[PDB]
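Read the structure below first, then the notes.
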Amino acid sequence: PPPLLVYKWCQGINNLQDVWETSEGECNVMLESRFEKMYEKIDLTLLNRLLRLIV
Amino acid sequence: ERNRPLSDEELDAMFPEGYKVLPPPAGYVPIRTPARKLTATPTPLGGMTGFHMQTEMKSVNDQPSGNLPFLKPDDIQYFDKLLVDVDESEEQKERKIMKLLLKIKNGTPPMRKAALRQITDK
Amino acid sequence: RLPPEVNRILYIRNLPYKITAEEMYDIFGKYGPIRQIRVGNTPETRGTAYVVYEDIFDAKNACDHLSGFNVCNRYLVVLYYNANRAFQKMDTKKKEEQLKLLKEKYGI
Amino acid sequence: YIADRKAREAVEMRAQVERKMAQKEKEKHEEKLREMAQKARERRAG
Amino acid sequence: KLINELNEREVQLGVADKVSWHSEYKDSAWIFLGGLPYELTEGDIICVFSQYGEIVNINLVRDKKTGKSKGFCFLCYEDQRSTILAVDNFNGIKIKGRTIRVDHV
Amino acid sequence: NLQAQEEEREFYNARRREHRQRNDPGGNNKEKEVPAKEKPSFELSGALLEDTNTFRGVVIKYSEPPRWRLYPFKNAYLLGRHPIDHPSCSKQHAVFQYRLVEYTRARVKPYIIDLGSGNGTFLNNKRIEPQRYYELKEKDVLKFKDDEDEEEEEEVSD
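Top to bottom, those sequences are chains A, 1, 5, R, Y and X. At position 26 of the first sequence the residue is numbered 972 (the deposited numbering), and the sequence of numbers has no breaks. Residue numbers 394 to 449, 453 to 485, 490 to 522, in the deposited numbering, belong to the letters of the second sequence in order. At position 23 of the third sequence the residue is numbered 34 (the deposited numbering), and the sequence of numbers has no breaks. At position 14 of the fourth sequence the residue is numbered 309 (the deposited numbering), and the sequence of numbers has no breaks. At position 92 of the fifth sequence the residue is numbered 99 (the deposited numbering), and the sequence of numbers has no breaks. Residue numbers 171 to 194, 209 to 250, 258 to 266, 280 to 286, 293 to 316, 323 to 360, 382 to 395, in the deposited numbering, belong to the letters of the sixth sequence in order.
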């Protein structure tokens, strides 16, 4: 379930190797975004060739 | 019981008209004879199957003509002769047209009615 | 542990008109020894075949794994063949000689 | 369409390549195992 | 054969326990196994019917002169619910090709 | 006062019991509770056929070490004389039931069990006594005066 995903995400961060160590000047970056228009910009002609690779 | 071995006249007894018996080889037939011994032997041997990823015709038959209400997956065995579309060239056409049975068995109630009369008067 | 309706005979369809009995014997020969196999050589029955094995469970494993199995572009129709129907084309006779034999050899 | 034809052809070629590289390995494995077995039988004789 | 159809009218109609016709008895362990195969013997039927209980003593009817089974046995368990279980369960069973019958006594 | 009653009783097994419960004839050596095929136990090991554990058989005719076939154990197996026995053997010394080879779980491990064949069976040219499962390890040898053949076991590797 989505909240459990949030938990996997947090402990996933905290389990990374030396994640919080700033000693040498390490820098962490969290980035969140959207694809903006994604559905609307899918091209049918391309989508056909892309599906031909699958099914 | 029903597993008792059979004879070629008994073999000709079951299947209907118009089929041929084949040997492909004498050798593949010897494979079929060793197959019993090799059902034990080759099952105890190296074997496996795998698939490769590669890009890619698909024939099939329902009962088409105009309509032909649907065939259950088993009933094909009975009605297979109707599936082939070869048409219009005696008795074979009476058996072929007699598939109106299929219209009695499966279909809409009106198809069953009209079919039933049509076969009564014939 | 088997359904009664299945029988040692299997009706097999969705076959090509060029298909070779070599491929037939090879493929079908996995599950057990072939009792024999027939193939329609007649205008309507071309594309169909019947397979018969020395044992039923052979055919059971067959239709198990061969269900919708592929050849060329085709997925073969694999069904357990019916019984009775059109039979009496042949007769019941020729029992007398063999029964006289089993009555002679073993004497029983 | 061109990219698809040439692409399928290329991946096909790569496929026969991987298969060709595979069969040699299989036969090497079977010969190796047969050698181990023959050595085992020889150790069984003495 | 009639039993199994009585258990189906008892389950289908929602009889709900104590009105069950195994409450007909309450007094009796000994069960009746008829239609038994002639090759069977004491230790055997004991080994098959000790499944649903612990059988104390069984007298199988075997013809006095020839000394072979007449084909049925009256059995006695240590527990009644074993009898209820056995009649309601073990009946309509195949043994050596022939279906045995069981019922109270 | 020799025989009081001529019949008495038995309290013994019936032929139709043990018959119906085991039939190919009736057989002996019903599989124990553990038995499971080796391939699925290589599936719980997460092993494709490359790294999977498959036991292949090796034949040497006892007179000449110089394959009549090669046999997989992966697909228990009934080692007998030939029809009943699955693993048929042309050896004329094998009783109608000679022995059995069952893979059991203790891990998926191969086991050989003698059925008490009249002659016996030699393991590494050293016999084992009847009626107990004896684990086999790779490269071990089996032979069914009466030994016309030999056998060896191999795991699939390299």
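For every residue, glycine included, the Cβ atom is placed at its ideal position computed from N, Cα and C.
For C80 (chain Y), the enclosing beta strand (DSSP E) begins and ends at 76 to 82. If you ignore the 5 residues before and after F306 (chain X), its C-beta comes within less than 7 Å of the C-beta of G284, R285, all in its own chain and listed in chain order. The segment 181 to 191 of chain X makes contact with the segment 49 to 57 of chain Y; the number of CB pairs closer than 8 Å reaches 3 or more. Using a C-beta cut-off of 8 Å, the segment 313 to 323 of chain R makes no contact with the segment 71 to 91 of chain Y, since fewer than three inter-stretch Cβ pairs fall below that distance.
Counting only residues of its own chain and dropping the five nearest sequence neighbours on each side, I100 (chain Y) has a CB closer than 6 Å to the CB of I107. Annotation: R339 (chain R) to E234 (chain X) spans about 29 Å, alpha carbon to alpha carbon. Identification of residues in the segment 454 to 471 of chain 1 having a C-beta nearer than 9 Å to some C-beta of chain 5 yields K454, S455, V456, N457, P469, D470, given in sequence order. Interface criterion not met: the Cβ of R303 (chain R) is under 8 Å from no Cβ in chain X. Non-local C-beta neighbours of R512 (chain 1) in its own chain, meaning closer than 6 Å and more than five positions away in sequence, comprise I504, ordered along the chain. Per DSSP, the continuous alpha helix (DSSP H) segment holding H76 (chain 5) begins and ends at 67 to 77. The residues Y313, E351, in chain order, have a CB closer than 8 Å to that of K325 (chain X) in the same chain once the five nearest residues on each side in sequence are set aside. Beta bridge pairing from DSSP links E388 (chain X) with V243 (chain X), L358 (chain X). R309 (chain X) counts as buried, since at least 16 other C-beta atoms from the protein chains shown sit within 10 angstroms of its C-beta.
Rounded to the nearest whole angstrom, the CA to CA distance from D356 (chain X) to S300 (chain X) is 21 Å. The contact set of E307 (chain R) on chain 1, defined by CB atoms closer than 9 Å, consists of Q447, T448 in chain order. Counting of Cβ neighbours within 10 angstroms places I497 (chain 1) among the exposed residues, the total staying below 16. Separation of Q47 (chain 5) and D471 (chain 1) (C-alpha to C-alpha, rounded to the nearest whole angstrom) is 24 Å. For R323 (chain X), no beta strand (DSSP E) segment is defined, and its DSSP state is neither H nor E. Within the same chain, Cβ atoms closer than 7 Å to the Cβ of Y84 (chain Y) are found at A36, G60, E61, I62, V63, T90, the five residues on either side in sequence being excluded. Counting the other CB atoms within 10 Å of its CB gives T56 (chain 5) a total of 16 or more, which places it among the buried residues. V306 (chain R) has its alpha-carbon roughly 39 Å from the corresponding atom of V242 (chain X). Per DSSP, the unbroken beta strand (DSSP E) holding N66 (chain Y) starts and ends at 66 to 69.
Annotation for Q47 (chain 5): no alpha helix (DSSP H) segment contains it, though the beta strand (DSSP E) segment containing it runs 45 to 50. For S298 (chain X), at least one C-beta of chain 1 is nearer than 8 Å to its own C-beta. Contacts between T48 (chain Y) and chain X, judged by CB atoms closer than 8 Å, involve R179, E180, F181, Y182, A184 in chain order. Taking all protein chains in view, the Cβ of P14 (chain 5) is surrounded by fewer than 16 other Cβ atoms within 10 Å, so the residue is classified as exposed.
For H296 (chain X), the three-state secondary structure derived from DSSP is coil. The Cβ of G420 (chain 1) sits no closer than 8 Å to any Cβ of chain X. Counting along the chain, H189 (chain X) sits inside no beta strand (DSSP E); it lies in the alpha helix (DSSP H) bounded by residues 185 to 191.
The beta carbon of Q302 (chain X) lies closer than 6 Å to none in the same chain, with the five residues before and after it left out.
Restricting attention to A419 (chain 1), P416 (chain 1), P435 (chain 1), the CA atom closest to the CA of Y42 (chain 5) is found in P435 (chain 1). Cα atoms of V63 (chain 5) and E345 (chain X): separation of roughly 45 Å, rounded to the nearest angstrom. Collapsing the DSSP output to three states places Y36 (chain 5) in a helix. Bounds of any alpha helix (DSSP H) do not take in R108 (chain Y); it lies within the beta strand (DSSP E) bounded by 105 to 111.
Between the alpha carbons of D395 (chain X) and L328 (chain R) lies a gap of roughly 7 Å. Residue contact with chain X for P423 (chain 1): absent (no Cβ-Cβ distance below 8 Å to any residue of chain X).
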